[PDB]
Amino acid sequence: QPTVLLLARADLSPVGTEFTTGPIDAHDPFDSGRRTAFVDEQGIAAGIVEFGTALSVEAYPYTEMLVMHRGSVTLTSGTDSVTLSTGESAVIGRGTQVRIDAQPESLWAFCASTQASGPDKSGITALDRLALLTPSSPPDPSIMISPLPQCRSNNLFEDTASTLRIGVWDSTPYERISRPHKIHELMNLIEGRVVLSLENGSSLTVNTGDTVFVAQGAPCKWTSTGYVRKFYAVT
């Protein structure tokens, strides 16, 4: 029953979303800290991680994107080091030798590809909120209510171990009809706000600094009345 799931609010207010605590599978380096909101049969998972110590992983088992909501994490792999504070994001490629060093009481949203579908692209990739973007495809004209927007993106990470493309996107305002989502999508809003109207006839307002996950097949209407900029992970 694919749906739209609010993973975390900017102010860490309660979300309606149910999370399953524990490792996603027998390879997950996280367990008590892993809070999974969604996993599909083909291995895409989304949720949050609560963690407050360091752990080292010899070969990271997933391709995994982290979006910080509280605290701080420093990711180290050999001579590479990336520190993420609230609002910052990075990707751990599949196979990366990585140390994940969280300050106490840290919390991040995640999207992981837990199934490999091609060769590892290992390493850590930081994702700049202010990345420079180039024109990207608006929605299908046939589903539009408003005029077509101008959209831009930058695929800062293009996996070869999955179909994940991860980056930054922006758009002028638009409105379209409800459609089942064509792909899996994590979004974290850098600027603006969007209203997602849902299969059950309810509404989710995604505000600046919130992270939401839209499962493939989830019926979703998009309405934005202003500019939106987001981090994304899409399959």
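Quick note: we count residues from 1 along the sequence shown, nothing fancier.
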**OP:** Give the stretch, out of 13 to 21 and 218 to 226, with the larger mean C-alpha temperature factor in the deposited entry.
**Re:** 13 to 21
Original post:
So which stretch wins on mean C-alpha B-factor, 62 to 70 or 40 to 48?
Top reply: 40 to 48
Original post:
Highest Cα B-factor in the PDB entry belongs to which of 144, 109, 100, 131?
Top reply: 144
**OP:** Among 195, 183, 166, 189, single out the one with the highest C-alpha B factor in the record, please.
**Re:** 183
**OP:** Select lowest, middle or highest to describe the third in which the CA B-factor of residue 6 falls within its chain in this entry.
**Re:** highest
**OP:** Give the position of residue 28 by CA B-factor within its chain, expressed as the lowest, middle or highest third.
**Re:** lowest
**OP:** Classify residue 86 as lowest, middle or highest third according to the C-alpha B-factor given in the PDB entry, relative to its own chain.
**Re:** middle
**OP:** Among all modelled residues of this chain, ranked by Cα B factor, put residue 159 in the bottom, middle or top third, i.e. lowest, middle or highest.
**Re:** lowest
**OP:** Using the B-factor values recorded in the entry, state whether the Cα atom of residue 92 falls in the lowest, middle or highest third among the modelled residues of its chain.
**Re:** lowest
